[PDB]
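For reference, each letter of the sequence shown is one residue, going 4 to 333, 343 to 686 in PDB author numbering. Heads up, the beta-carbon is just placed ideally off N, CA and C, and yes, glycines get one too. Note sheet for the following structure.
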Amino acid sequence: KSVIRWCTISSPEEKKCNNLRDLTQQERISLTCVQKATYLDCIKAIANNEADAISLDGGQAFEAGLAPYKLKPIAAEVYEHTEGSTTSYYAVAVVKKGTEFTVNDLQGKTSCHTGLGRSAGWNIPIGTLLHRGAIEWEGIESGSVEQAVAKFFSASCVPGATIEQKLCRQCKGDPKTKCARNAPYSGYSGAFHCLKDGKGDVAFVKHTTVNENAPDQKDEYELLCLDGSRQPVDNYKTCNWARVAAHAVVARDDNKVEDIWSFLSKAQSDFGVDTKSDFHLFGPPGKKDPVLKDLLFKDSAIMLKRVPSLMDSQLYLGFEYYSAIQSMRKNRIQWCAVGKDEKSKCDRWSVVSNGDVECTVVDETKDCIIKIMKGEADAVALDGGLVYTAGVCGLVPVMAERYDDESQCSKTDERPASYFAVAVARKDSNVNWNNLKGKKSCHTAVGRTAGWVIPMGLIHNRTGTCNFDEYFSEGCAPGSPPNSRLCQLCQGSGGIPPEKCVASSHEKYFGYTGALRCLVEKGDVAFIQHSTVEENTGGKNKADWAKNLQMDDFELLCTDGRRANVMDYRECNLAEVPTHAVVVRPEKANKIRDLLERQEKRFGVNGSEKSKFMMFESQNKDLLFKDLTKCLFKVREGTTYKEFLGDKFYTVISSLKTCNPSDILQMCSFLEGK
Ligand SMILES: [Fe+3]
């Protein structure tokens, strides 16, 4: 029965926290309030293990994620939208009724701001007006940001502004408080009273500030659209300045995350917007004193939604907003390589192509999706199942591979590229598709379309069980939990760390040819590509385990039993699948797609420097690309991931999402609405 040390920054907030403490003492977990001066003091308290959680604004949730605080957003607020209650709000600009000045005429006016560092009050409006050339701030060599704002505006009320005095001229109160972040004219509703009393011509607030402050006088104010029109206050869909992320509940990244959210689940369920108590956790909104509103939680919010455990401050705000805040403070492809083997092939690509391709080594393929969403890496090549999880993350494929003919990728008006998913067993083994429940299994990795998605999607259609370690006896699927039966048959890397059941090239049973090595050594069935039997047999694989392997040592498994020869994969397979793809962010789609063709013309199967380096040769290990790849054909512009896979493959990958979503899929499903 522990307690959560909450930290509040204002005295009115301390009274609401203490009234929250008296109502939660009966519960199993409880609360303790820590009075502090500013938000920077509460962040130093949580990193010092003195406090636990604060509801910060997006511009301040950026500040918590920096070292050494390294705090993490664990809960977000939910605002009301008529499309659906998502976790974002709009930044608008409110002016008086019937006045003449447009958005270009804001030079020399008087403004009211929410606070120095807030999203809707400072980052968005100043970010826009400096991007539109109105404010003059080439960089930090000019000086502070607010020195340019004091030169731009005549006078204003910026709570928390220290160096400049024009930003404190319009604030109400005695000198000691007028500038502080808890002044009367601070916050979303406090800056609106700067407008209503006449200290400013424009107030930079969120979209629903006018509705809760002046409910019946809504027509006495106008929103300042970026074209120059004074649209009314109910037109923020057409007049917003940006759409910014919600206010986030930051905390440490430790065991204390789980007991905080269970407390927030307890308090919201009893003190939400539909509660019957006199106490409300959110508001309730209405005409009140400006310092009495927005205490510990904004009055516009209606619920709290949990942030997934993989998010941080960078991936919460999005790329376009984090790049804006990073700007005010202060031809080459960045490939993502997984493991030591792909990194040792990629540095070879870097030196033969002279620096135009550079790469960062990671440990798993889900790290490539995050470093590309962060923009720290450019491109990566993913299997068909990982294209779906990168497509829901916001990335799009731009190029794909051909296996059938090098000539066909020229005439792009042709059949779509594809391969096949088969099940390979040993010769004299009597195992077929029916009695597969008691047998062992060998996959290529969990989540990939060849070994995991097609076979488990057939099984999930067969038995309807979302348990998939249970359906087999044991096996080796790289990336599955180490303490489960789908990791015991994994041989591991054999190095200093056992590295058992890891989803990189260190594992001996990882990959297309790796799952075949699991079949011959210790296994009963291998779920792999249609041609991996052909590539390894015939004396081509110089590995000791495959020294004398031949094509007749294996027999494919049809769906209706019916063990058939490996050369007839057109008839005896599980499902047709799309090929691998290179997924990237939509912004940099045009830059690499013509650049990757310049790399392929030098290093392809008809490349000029294939004596120097071959892009599509990997010594039967599939390093950065498969070895069946002949040429890369460009995917047309605007092709989304739902169009690239096709509705045939999109049906099974959508249904298999419901059983066990991964952590990389869970945070991206949070990012794109629900
Ligand atoms: Fe694949």
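- Residues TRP125, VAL161, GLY163 and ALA164 of the same chain have their beta carbon placed closer than 6 Å to that of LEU119, with the five preceding and five following residues left out of the count.
- Under the 10 Å beta carbon count, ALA593 is surrounded by 16 or more other beta carbons and is classified as buried.
- Distance from the CA atom of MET468 to the CA atom of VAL436, rounded to whole angstroms, is 15 Å.
- Cβ-Cβ distances below 6 Å link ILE345 to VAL369, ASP390, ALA391 and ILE604 in the same chain, with the five nearest sequence neighbours on each side left out; the list follows chain order.
- Distances from the CA of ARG597 to each of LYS383, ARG575 and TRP557 were compared; the closest alpha carbon is that of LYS383.
- Contact between the region 21-40 and the region 212-220 is absent, with fewer than three C-beta pairs closer than 8 Å.
- Taking the Cβ atoms as the reference, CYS242 lies roughly 10 Å from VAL97, outside the contact range of under 8 Å.
- In this structure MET411 touches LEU608 by the C-beta definition: roughly 6 Å separates them, less than 8 Å.
- Here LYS357 is buried: its Cβ has 16 or more other Cβ atoms, across all protein chains shown, within 10 Å.
- Ranking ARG575, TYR431 and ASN560 by CA distance to the CA of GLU567 puts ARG575 first.
- Out of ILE138, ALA249, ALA158 and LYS179, the CA that lies nearest to the CA of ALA64 is found in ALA249.
- Relative to ligand 1, the beta carbon of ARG460 is positioned inside 7 Å of a heavy atom.
- Assignment of beta-bridge partners to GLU80 by DSSP yields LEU307.
- Of the heavy atoms belonging to ligand 1, none sits nearer than 7 Å to the Cβ of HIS542.
- Listed in chain order, the alpha helix (DSSP H) runs fully inside the region 60-124 are 61-67, counting runs of at least 4 residues.
- Between the C-alpha atoms of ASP262 and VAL252 there is a straight-line separation of about 14 Å.
- A direct Cα-Cα distance of roughly 20 Å separates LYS638 from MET563.
- Relative to the non-hydrogen atoms of ligand 1, the Cβ of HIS455 never comes closer than 7 Å to any of them.
- Restricted to the region 347-389, the beta strand (DSSP E) segments that are unbroken, complete and at least 3 residues in length are 369-374, listed in chain order.
- Between the alpha carbons of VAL465 and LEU657 lies a distance of about 13 Å.
- Apart from the 5 residues on each side of it in sequence, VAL589 sits with its Cβ closer than 8 Å to the Cβ of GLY396, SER430, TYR431, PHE432, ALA433, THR461, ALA462, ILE466 and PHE661 in its chain, given in chain order.
- Contact check for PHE266 against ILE7 passes: the beta carbons are separated by less than 8 Å.
- Here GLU418 really is in contact with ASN618; their C-beta atoms are around 6 Å apart, less than 8 Å.
- Burial is judged here by how many other beta carbons sit within 10 angstroms of a residue's own beta carbon; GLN541 has at least 16 and is buried.
- In the structure shown, the three-state DSSP call for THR35 is strand.
- A distance criterion of 7 Å places the beta-carbon of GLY406 beyond contact range of ligand 1, judged by its closest non-hydrogen atom.
- In the three-state DSSP reduction, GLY142 falls in the coil class, being neither helix nor strand.
- Look at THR461 here: in three-state DSSP terms it is helix.
- Distances from the CA of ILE129 to each of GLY111, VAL152 and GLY142 were compared; the closest alpha carbon is that of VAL152.
- Residue environment analysis places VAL647 among the buried positions, since at least 16 neighbouring C-beta atoms fall within 10 angstroms of its C-beta.
- Counting only residues of its own chain and dropping the five nearest sequence neighbours on each side, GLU139 has a CB closer than 7 Å to the CB of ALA151.
- Judged by their CB atoms, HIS518 and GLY487 are not nearer to each other than the 8 Å cut-off.
- Partner residues in a beta bridge of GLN317, as assigned by DSSP, do not exist.
- Of the residues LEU644, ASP359, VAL595 and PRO673, the one whose Cα lies closest to the Cα of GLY650 is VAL595.
- Between the alpha carbons of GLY450 and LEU501 lies a gap of roughly 15 Å.
- Along the length of the region 144-227, whole beta strand (DSSP E) runs at least 3 residues long occupy 158-160, 205-209 and 224-227, reported in chain order.
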